[PDB]
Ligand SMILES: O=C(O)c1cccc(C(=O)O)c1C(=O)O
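Only one chain is included here, represented as structure tokens and corresponding to the form deposited without this ligand.
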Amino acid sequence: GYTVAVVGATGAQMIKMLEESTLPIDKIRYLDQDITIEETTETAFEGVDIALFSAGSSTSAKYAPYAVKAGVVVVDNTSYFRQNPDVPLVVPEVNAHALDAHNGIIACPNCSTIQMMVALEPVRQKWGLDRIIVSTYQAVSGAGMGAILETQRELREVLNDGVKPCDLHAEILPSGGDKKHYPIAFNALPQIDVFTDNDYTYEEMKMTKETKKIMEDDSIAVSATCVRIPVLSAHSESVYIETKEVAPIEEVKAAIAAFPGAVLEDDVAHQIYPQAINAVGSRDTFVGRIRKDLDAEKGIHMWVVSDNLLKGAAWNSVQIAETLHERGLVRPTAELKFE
């Protein structure tokens, strides 16, 4: 069996998914049994078969190249390697084949991107994909624990202490790497991550760039609006697509229902649609509100929801590791392509 290391174990969801994995694990190392935390160093990866990184991009950039040198296969959570052409950017249900050519690092994609890809791939493979327009409804746990705690503090201030939302002091949201901070309580902030020079944020541009790489098609037009709302866990997305050929809605529903990792929750006669609160704790991606555009013959709207820490992060990383194992790809890399 494998020696699996979790870098950034202090991270919790990574551990839980690994406890329930079908991966054959002889030894766990953190860098119902107590495990000592070892320091992350350049020589700490000897004998490790698989390393799941769940620290920041700084930890991945420095140490992931040394893991590959030592013979490890790295699954990186961060954004640092996602647009490196020597690194596969993988959602196992969509593009597992891209794992075959790996050079020791497989990047886990952005959370909002992953769930959209699970929903849209079954549609793409039957009727094609020309464009995507998405507006997201993203939970604060995407911005980390500090954001979660801030959201709860703000809500308690409003509800128990009578503070008006606009008078709340904030220190993290919308972004811990930007100059100004605004309340999320009873609000919708149309900013995730910081702005780029084309007036889309990095989150929005990640949905564009990562979609193109995952589906291996630069011709798919993608434009996104990414919005933070007062939800702790689970991202929701209003997704619009135009297919290459007309996809009957009955057949779209059937295709999504059969697709691994996706659950059709779509029965409007009984008010059944995906909901954030229902998706928490589950590995699945829930899809519904599926219907034709009222004017464009090839347009389709839908509503997509998933736990942003599971399929959106920790589960996708562990599932990649399971797929690596299934495909015979857990082994040392010959040529080192990272400094």
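Residue numbers run from 1 along the displayed sequence. So that the term is clear: the rigid core is the largest set of C-alpha atoms that superpose within 1.5 Å between two forms.
Same protein, other form: the form deposited with this ligand bound, not shown, and the subject of what follows.
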Answer with one of 88, 142, 261, 104: the residue that has a non-hydrogen atom within 4.5 Å of this ligand in the deposited complex.
142
Assert contact residue (this ligand, in the deposited complex, non-hydrogen atom within 4.5 Å, options 211, 236, 110, 151) equals 110
Tell me the stretch among 244-252, 75-83, 178-186, 94-102 that has any heavy atom within 4.5 angstroms of this ligand in the deposited complex.
75-83
Looking at the partner-bound form in the deposited complex, is residue 57 within 4.5 Å of this ligand by any heavy atom?
yes
Residues of stretch 216-236 in contact with this ligand in the deposited complex (4.5 Å, non-hydrogen atom):
none
Flagged residue of 272, 296, 37, 277 - C-alpha shift reaching 2 Å or more between this form and the one not shown, core superposed:
37
